[PDB]
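Down below is the structure, laid out as structure tokens.
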Amino acid sequence: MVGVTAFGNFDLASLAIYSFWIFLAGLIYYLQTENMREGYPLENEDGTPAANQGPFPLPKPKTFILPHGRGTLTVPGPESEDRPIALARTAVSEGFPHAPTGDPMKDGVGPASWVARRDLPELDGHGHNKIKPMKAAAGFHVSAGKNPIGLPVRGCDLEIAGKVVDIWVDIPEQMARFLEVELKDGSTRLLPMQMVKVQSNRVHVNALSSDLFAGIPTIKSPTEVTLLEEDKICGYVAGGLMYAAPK
Amino acid sequence: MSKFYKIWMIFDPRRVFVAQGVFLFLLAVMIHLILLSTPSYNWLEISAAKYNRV
Amino acid sequence: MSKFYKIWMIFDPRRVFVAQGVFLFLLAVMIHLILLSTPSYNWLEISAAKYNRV
Amino acid sequence: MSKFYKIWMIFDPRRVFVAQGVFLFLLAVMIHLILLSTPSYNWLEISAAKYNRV
Amino acid sequence: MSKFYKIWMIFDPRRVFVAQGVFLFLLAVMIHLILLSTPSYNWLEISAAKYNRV
Amino acid sequence: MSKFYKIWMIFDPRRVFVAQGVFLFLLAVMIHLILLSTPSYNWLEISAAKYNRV
Amino acid sequence: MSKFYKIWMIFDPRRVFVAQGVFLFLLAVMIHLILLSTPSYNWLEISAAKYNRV
Amino acid sequence: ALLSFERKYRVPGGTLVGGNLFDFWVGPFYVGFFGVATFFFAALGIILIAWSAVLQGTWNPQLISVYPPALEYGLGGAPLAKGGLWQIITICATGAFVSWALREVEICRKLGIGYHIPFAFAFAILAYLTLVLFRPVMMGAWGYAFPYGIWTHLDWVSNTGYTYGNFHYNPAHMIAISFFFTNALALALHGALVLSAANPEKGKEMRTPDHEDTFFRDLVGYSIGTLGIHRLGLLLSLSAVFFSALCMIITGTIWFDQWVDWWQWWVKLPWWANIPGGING
Amino acid sequence: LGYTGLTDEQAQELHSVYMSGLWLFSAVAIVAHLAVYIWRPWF
Amino acid sequence: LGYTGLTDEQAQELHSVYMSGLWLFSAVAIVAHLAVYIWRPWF
Amino acid sequence: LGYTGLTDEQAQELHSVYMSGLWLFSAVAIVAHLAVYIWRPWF
Amino acid sequence: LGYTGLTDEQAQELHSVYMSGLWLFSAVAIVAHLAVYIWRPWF
Amino acid sequence: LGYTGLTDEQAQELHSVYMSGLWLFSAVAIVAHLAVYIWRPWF
Amino acid sequence: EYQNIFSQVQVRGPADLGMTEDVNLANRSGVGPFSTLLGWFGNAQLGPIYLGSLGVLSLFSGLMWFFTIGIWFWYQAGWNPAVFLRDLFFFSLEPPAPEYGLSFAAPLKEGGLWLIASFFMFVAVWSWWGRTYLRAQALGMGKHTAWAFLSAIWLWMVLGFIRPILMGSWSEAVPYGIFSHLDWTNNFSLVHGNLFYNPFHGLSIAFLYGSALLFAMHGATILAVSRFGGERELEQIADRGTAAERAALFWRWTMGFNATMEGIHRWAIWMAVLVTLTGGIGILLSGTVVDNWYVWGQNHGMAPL
Ligand SMILES: CCCCCCCCCCCCCCCCCC(=O)OC[C@H](COP(=O)([O-])OCC(O)COP(=O)([O-])OC[C@@H](COC(=O)CCCCCCCCCCCCCCCCC)OC(=O)CCCCCCCCCCCCCCCCC)OC(=O)CCCCCCCCCCCCCCCCC
Ligand code: BCL
Ligand SMILES: COC(C)(C)C/C=C/C(C)=C/C=C/C(C)=C/C=C/C(C)=C/C=C/C=C(C)/C=C/C=C(\C)CC/C=C(/C)CCC=C(C)C
Ligand SMILES: COC(C)(C)C/C=C/C(C)=C/C=C/C(C)=C/C=C/C(C)=C/C=C/C=C(C)/C=C/C=C(\C)CC/C=C(\C)CCC=C(C)C
Ligand SMILES: COC(C)(C)C/C=C/C(C)=C/C=C/C(C)=C/C=C/C(C)=C/C=C/C=C(C)/C=C/C=C(\C)CC/C=C(\C)CCC=C(C)C
Ligand SMILES: COC(C)(C)C/C=C/C(C)=C/C=C/C(C)=C/C=C/C(C)=C/C=C\C=C(C)\C=C\C=C(/C)CC/C=C(\C)CCC=C(C)C
Ligand SMILES: COC(C)(C)C\C=C/C(C)=C/C=C/C(C)=C/C=C/C(C)=C/C=C/C=C(C)/C=C/C=C(\C)CC/C=C(\C)CCC=C(C)C
Ligand SMILES: [Fe+2]
């Protein structure tokens, strides 16, 4: 087949390369269409549908069957924010930021945003809660690191905010997820473990100042935390980085 | 021999039918490619030789 | 001997049948490839030489 | 022979039969390939030599 | 000697038997390969030379 | 002396037995390979030379 | 001896015995390999020279 | 314009240079100070590439090439049509890359996420700077860099590799290739596993991370986890790029001969140097 | 016995049908080898 | 034993069937080796 | 003591069967070595 | 004390059988070395 | 002290048996060195 | 300051035996030891591993392949452990010489033992592919891993089985050595002109660099949003949280377009199977259709001519 061309310089290599270009165009189209299953249709900044929607048409719906009788999820589907957003326009023209009306960490906007996830705890493959306090978890213990229980907690303002009392553990993955921190008023808050640095004699939280620890959203049941509570806590703690820069 | 029908008792017909379609087509294509590769049994070339098409 | 029927109380016929089919096809293909590879027993070129087609 | 039947009180016959099948097939293929690899005992080449195939 | 049977109260016979089978087969194959690689004791070449197979 | 048996209250017998068997086999193989690689004590070669096998 | 028995108040016997066994074996192997590497004291080659094995 | 959830995240803050100035979007893109800088540098580089194509006399995009100055210029300026355009485009490309990284930092701190992505990008920028700046500067000329062409920078790769014989005898090269291959394998396995859990057999419920853990524990006897697999992917990619940069930086600066000859230090170790057998004996 | 759940009668019937298939395949193969050996023997 | 759950009678019958199969396979192997050795001895 | 769950009697019988198999294997190996040594001694 | 866990009377019997095995193995080794030294001494 | 859990008598007895083992190993090494030095001295 | 690269506290509980969807639990083993180093980076638990019939087949054949290559290396070393360690990476099993073609008559020292090892390796790899398919099926999952592995197998088959048959010689195949197969790739590029000018070589390199790029991007993104529990992606698919939203908005504000928590994995799997698939095509084309890739590039507008 060496040198055997159908026409011009077109041989099996040229046939293969053009076939691959057509396949690659089709595959990119498929991949983008599959990407388009969340956040669409596009909106105007006043909430209405946008005149311009994009070159790629919206894919056909597909359905997930959630485990443990949690239901089904059809995407793309009718998605609403379902929460009030305390933001104000700074310009009539589009493309400009929206300014917080009040306290952005309290209101949950910007880097302090949270999503209205399900108000149920996340489950493992057996139906039990995925995340449990280490006292509830039977047979769990701290293995090979600096044990944080009892260490003082220090905010970004060089002041003590409380002490670590428990560790919340992801039972299936066998990893630590949250630090339970008791404040001065005898109330416990949860801090994401990705947001604290465990030092030799303290736990440092750079995102949050000592006073702001009081405003962390709490959990309604001491023995478990739901997905909505995880979003609220993590959004608050992460937004502390931008909205607690002074002090 | 008169009772081979019970094979469909144990095999899903749809998987079997798809599998044998793929198998038969691949086998036919392979045999045709083998025949074309050999200088003999390349029917186009031997017809060209037979009809003096240079 | 004459008790060999009891293997089916040990092995699931579906798995055995699929494995047997793939094994038989692969063995046949392997033996045909062995024969085609040798200059003798390549029936295509044997026929080509015998009928003076080259 | 004497009391070896008690092996089946220790081992699951399914695993034993599968291991035997795999081992026996692989060993037979290896020995056949070794025989084909020797210039003697390659039945194809020596049949070709003794019948003047090539 | 007389008291060795108590090895089986320490080791699982199934695991021991599987490891022992693998060990024995690999050892035997290695020794046969070592003999084959040796100009002498290559029984195939020895028989080829004795009977003038080449 | 006369109280070395207490080592078995320090070490788990099965772990020690596995390690000991692996160690002994590896040592023996290493020594056999060392003796094969030496032109002396290569028993196959010296047997071939004594009996005129080449 | 005098007061050394108290080292075992400090070090766990399993760790010490395992490390000691590994250390002693590796030391012995290293000394043996050093002796083999010198043309003198290489007991395999000097015996070959003494008995004219080559 | 916006995603269904985008509105609450567009807030006025997180810039590095400037304030409300440049704190706006153009369509989907965020355009800060470094957005303006990135756009300027990228447009300048692209127009200069087109003008170099005009100068060279070809319009075939696969034949367009922008060559570095010849070795006779050393580390100084060159005429525009004889290496100056390459230098200007290199400055523009460096500026575009660094401004892109800084823009990503601004987006990271507007969204409250960590700066892993700009760090990972900086690794690639350092590999590019190794090939285009550090190695030519140590070697003494801009002509040891590679040209800006689709098929001629491959000529640079070929010539540079074959100067030192067969190039995959360079050890750091071996490490970099191993990391690249392992990374592609890990990416395929990871994507396949996540998809298979999210897309089970028809009519089944979605699988859980326990099913993924069980799948790889059944297959290979070990599962690294979700956090573990993402850490592994990041580190595999970065280690591949780091070791490629190393193998190139030591290539014309410390080593000068065939690399297959470098591998002789292991063979010539004193205790087996002269044993008569095998390949090297 | 309990490995598959096939009755003894069921196993006998399945084995009978399977052996019919095996004999058919082997007879075709034997005829094939006879024809090839007559055409061009390998011994 | 408790390792596999077969009783003594089940094991004995299983071994009888297994040994019949083994002796058939070995008989075929011996016949093949005898044929090859008459055709081309390796000693 | 019985880490495997086998008692003294089970172990004794297991060892008896394993000894019988080992001695059979060793007898076959000894005969093979005797034949090879007669055919081609290595000493 | 027994860290792995064995009574002193279990340890004594395990060591007695282990010594039996060690002495058998080493006696076979002595005989092998004696044969090799007679055949081809290395001193 | 409480690092390992061995009391005074246990540590003393363990050291006694350990020293027995050390002296046996040393005596074997001493005999080996004497044999090697008689055969081929290094001083 | 914590970058979530290494765990700072490590917790252990009872080992997880796994799911029981329809897996034959008798074919599993026990849990292995826990490892603290792996715990620092990922999961500490080892095992349990499934080993069924296809596992026995794969283990036997792969063990025989490894053993055959190793025994050949020992033969080349002269049965000398020192030479074996010294000239390791220099030993090789070579395929038959070009005179033998595809025939199975090459001697054991020349190319027969290479054929034996290749048969063992073929069986091992195909049985391992079957094992991946069956392990996905037992748990009820999709077979994405099986088809990605099939792409990799396609490149392996082209290199070792398909192209030698089209070229009509086993000598075209790859040797079993460390430096030897590297020399094989160099000589392959030299004999066929310049493999840089193979366009499917270029696509394969594009997709390899793309795998590195994409999976640095994706690992960095998941690590960046893991403060919101982003690494638990299977539930971010079912319940979109702030982590997935922030990731999508980062990439949309950066490069104009984004993905989902599932579409990014589709991108990933395709970006890797494409490197191996295009590589297989490009290797199959070399020598059978194009004997000189630089001249092909000159004729196809890629080289100045
Ligand atoms: C005109 C020329 C141009 C041609 C094309 C132009 C046409 C226009 C453009 C068309 C492009 C469309 C691209 C979109 C595809 C995306 C689909 C997708 O991902 O999801 C849907 C679907 C499943 O979606 P899902 O939602 O995840 O399902 C979940 C299920 O519930 C549960 O899961 P499941 O059990 O159902 O299976 C899950 C899996 C399932 O999808 C599959 O089943 C794939 C089947 C394997 C691939 C087929 C090749 C195998 C050989 C044939 C023997 C088996 C055939 C029967 C397969 C069994 C199917 C029942 O889905 C995946 O996502 C796997 C992704 C990775 C697949 C990689 C396969 C590479 C194999 C390498 C083969 C190499 C040998 C030959 C190489 C080429 C020869 C030169 O997956 C597919 O359909 C995969 C399509 C496979 C494409 C094969 C590749 C073509 C290669 C051609 C290269 C270009 C030629 C240039 C060279 C020419 C030389 C002369
Ligand atoms: C002088 C050398 C030549 C050259 C010669 C070749 C040749 C020849 C080939 C490549 C191939 C490739 N080259 Mg090139 N290459 C050159 C220069 C480059 C440069 C560069 C910057 O210069 C780059 C980046 C590349 C990059 C690439 C890759 C994209 C591609 C290999 C994919 C892969 O993963 O293979 C590795 C993966 C596999 C082989 C798949 C393995 C799958 C099987 C199933 C694994 C079995 C494992 C076994 C069971 C293991 C047991 C393991 C134990 C269990 C642990 N080449 C120059 C021009 N290159 C290949 C290709 O496809 O080209 C089109 C190829 O064959
Ligand atoms: C390099 O090596 C060389 C090539 C030189 C030689 C190496 C060679 C080897 C090692 C060759 C191996 C040859 C072997 C071992 C062949 C085995 C052949 C067999 C065992 C064939 C059996 C074929 C049986 C077949 C097709 C069965 C057909 C049965 C049927 C259609 C009917 C089954 C239907 C059943 C319906 C189920 C219904 C019953 C119920 C109760 C529902
Ligand atoms: C390079 O070095 C070279 C190769 C040159 C030389 C180096 C050589 C070495 C190091 C050789 C080592 C040789 C060794 C160490 C050999 C050991 C061989 C053995 C240990 C063989 C065992 C044979 C035992 C056999 C087959 C088992 C017979 C067992 C049986 C049938 C099993 C029956 C047991 C039963 C069934 C269960 C009873 C059940 C109840 C309920 C009572
Ligand atoms: C390069 O260096 C060269 C090669 C030149 C030389 C360098 C050499 C070295 C460093 C050589 C090392 C030589 C050594 C140190 C060898 C080790 C020799 C030993 C100490 C071997 C142990 C032999 C003990 C053996 C086989 C044990 C047999 C034991 C048994 C069957 C034990 C039975 C245990 C039982 C049955 C269960 C009973 C249970 C109850 C409850 C009663
Ligand atoms: C002391 O150490 C011992 C001896 C115990 C073991 C140590 C061992 C060593 C040192 C093992 C060496 C392993 C190495 C160095 C392996 C090299 C593996 C490589 C690197 C292979 C590289 C490319 C190989 C490629 C593409 C193979 C493709 C192979 C194929 C598709 C298989 C083709 C199957 C077919 C050809 C032949 C068809 C014939 C029949 C009968 C089906
Ligand atoms: C050329 O020179 C080079 C460069 C190679 C190096 C030159 C020199 C060096 C640096 C040589 C190193 C020489 C050394 C430092 C050797 C160390 C030798 C030792 C420390 C040997 C200890 C031997 C002790 C032995 C075998 C004891 C084993 C003890 C036992 C059986 C007794 C244990 C039994 C017990 C414990 C039960 C315990 C009781 C209860 C109630 C649990
Ligand atoms: Fe992911």
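Reconstructed Cβ throughout: ideal geometry from the backbone, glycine too, with neighbour counts over all protein chains shown. Each answer follows from the model by the rule given with it, or from the source it names; these are not laboratory values.
Details
- Qualifying residue in segment D:12-31 (condition: more than 16 Å from ligand 2 (Cβ to nearest atom), in contact with a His (Cβ under 7 Å, 6 or more places away or on another chain) and closer than 30 Å to J:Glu13 by Cβ): no
- Test: residue in segment A:174-187 that is within 26 Å of H:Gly112 (Cβ to Cβ), in contact with a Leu (Cβ under 6 Å, 6 or more places away or on another chain) and part of a helix (DSSP H, G or I): no
- Scanning segment N:123-154 for residues that are without any contact (Cβ under 8 Å) to a residue 40 or more places away in the chain and more than 16 Å from ligand 1 (Cβ to nearest atom) turns up nothing.
- Failed item, numbered, when N:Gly140 is tested on (1) more than 28 Å from D:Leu24 (Cβ to Cβ); (2) assigned to a helix (DSSP H, G or I); (3) facing another protein chain (nearest Cβ under 10 Å): (2)
- One residue stands out among those in segment I:20-38 that are of a type outside the set (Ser, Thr, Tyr) and in contact with a helix residue (DSSP H, G or I) (Cβ under 9 Å, 6 or more places away or on another chain): the one that is nearest to ligand 3 (Cβ to nearest atom), which is I:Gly21.
- Cβ-Cβ under 6 Å pairs, at least 6 apart or on other chains, segment N:252-281 side in contact (Cβ under 8 Å) with a residue 40 or more places away in the chain, far side β-branched (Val, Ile, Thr): N:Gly280/N:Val158
- Cβ pairs under 8 Å, 6+ apart, first in segment L:1-14 and farther than 18 Å from M:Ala11 by Cα, second small (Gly, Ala, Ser): L:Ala11/L:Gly2
- No other residue among H:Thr94, H:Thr90 is surrounded by fewer than 19 Cβ atoms within 10 Å (Cβ to Cβ) and touching a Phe, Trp or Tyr at 6+ places or on another chain (Cβ under 9 Å) apart from H:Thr94.
- Subset of segment N:278-304 [under 12 Å from A:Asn9 (Cβ atoms) and more than 8 Å from every other protein chain (Cβ to nearest Cβ)]: N:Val295, N:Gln298
- Matching residues in segment H:50-77 - criterion: being under 27 Å from N:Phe196 (Cβ atoms), over 22 Å from the mean Cα position of the chain (by Cα) and among the small types (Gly, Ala, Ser): H:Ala50, H:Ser52, H:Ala53, H:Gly57, H:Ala70
- Residue list for chain I, filter: within 30 Å of B:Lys6 (Cα to Cα) and outside any helix (DSSP H, G or I): I:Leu1, I:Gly2, I:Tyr3, I:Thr4, I:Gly5, I:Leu6, I:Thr7
- Taking the criterion of being at positive phi and within 14 Å of chain H (Cβ to nearest Cβ), the only residue of segment A:124-148 that qualifies is A:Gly127.
- Per-region count, segment A:135-167, residues surrounded by fewer than 18 Cβ atoms within 10 Å (Cβ to Cβ) and not in a strand (DSSP E or B): 14
- Scope segment A:188-199; condition crowded, with 19+ Cβ neighbours inside 10 Å and in a loop (DSSP other than H, G, I, E, B); matching residues: A:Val196
- Counted residues, segment F:13-54 - those being of a type in the set (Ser, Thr, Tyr) and within 30 Å of G:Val18 (Cβ to Cβ): 0
- Residues being within 7 Å of another protein chain (Cβ to nearest Cβ) and over 16 Å from D:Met9 (Cβ atoms) - total across segment E:1-18: 8
- Looking only at segment N:209-232, and only at residues there that are surrounded by fewer than 24 Cβ atoms within 10 Å (Cβ to Cβ) and within 16 Å of ligand 1 (Cβ to nearest atom), the one that is farthest from the other protein chains (Cβ to nearest Cβ): N:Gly210
- Boolean, N:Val158 is of a type outside the set (S, T, N, Q), crowded, with 18+ Cβ neighbours inside 10 Å, more than 9 Å from ligand 2 (Cβ to nearest atom) and part of a helix (DSSP H, G or I): no
- When N:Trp40 is tested against (1) away from chain H (no Cβ under 11 Å); (2) part of a helix (DSSP H, G or I), just one condition goes unmet, and that condition is (1).
- Residue satisfying condition, being within 7 Å of ligand 4 (Cβ to nearest atom) and among the aliphatic types (A, V, I, L, M), within set K:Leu1, K:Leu6, K:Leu14, K:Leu34: K:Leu14
- Candidate set: segment H:193-211, residues that are over 16 Å from N:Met261 (Cα atoms) and charged (D, E, K, R); chosen: the one surrounded by the fewest Cβ atoms within 10 Å (Cβ to Cβ): H:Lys202
- Within chain B, helices (runs of 4 or more DSSP H) holding 3 or more residues that are under 18 Å from A:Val4 (Cβ atoms): B:13-37, B:43-50
- Counted as qualifying within segment H:186-281 are no helices (runs of 4 or more DSSP H), as none has 1 or more residues that are within 16 Å of ligand 4 (Cβ to nearest atom) and in contact (Cβ under 8 Å) with a residue 24 or more places away in the chain.
- For H:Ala81, the conditions (1) surrounded by 15 or more Cβ atoms within 10 Å (Cβ to Cβ); (2) over 23 Å from the mean Cα position of the chain (by Cα); (3) without any contact (Cβ under 8 Å) to a residue 60 or more places away in the chain all hold with the exception of (1).
- Extreme residue, surrounded by the most Cβ atoms within 10 Å (Cβ to Cβ), among residues of segment A:70-101 that are among the β-branched types (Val, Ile, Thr) and part of a loop (DSSP other than H, G, I, E, B): A:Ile85
- Residues within segment N:94-115 that are in contact (Cβ under 8 Å) with a residue 24 or more places away in the chain and surrounded by fewer than 22 Cβ atoms within 10 Å (Cβ to Cβ), tallied: 7
- Pairs with Cβ under 7 Å, 6+ apart, first in segment H:112-131 and outside the structural domain of H:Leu102 (by CATH), second of a type outside the set (D, E, K, R) and buried (at least 19 other Cβ atoms within 10 Å of the Cβ): none
- Tally, over segment D:24-53, of residues that are within 18 Å of J:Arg40 (Cβ to Cβ) and more than 12 Å from the chain's Cα centre (by Cα): 16
- Among (1) farther than 30 Å from G:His32 by Cα; (2) crowded, with 18+ Cβ neighbours inside 10 Å; (3) more than 7 Å from every other protein chain (Cβ to nearest Cβ) - the single one N:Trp74 does not satisfy: (1)
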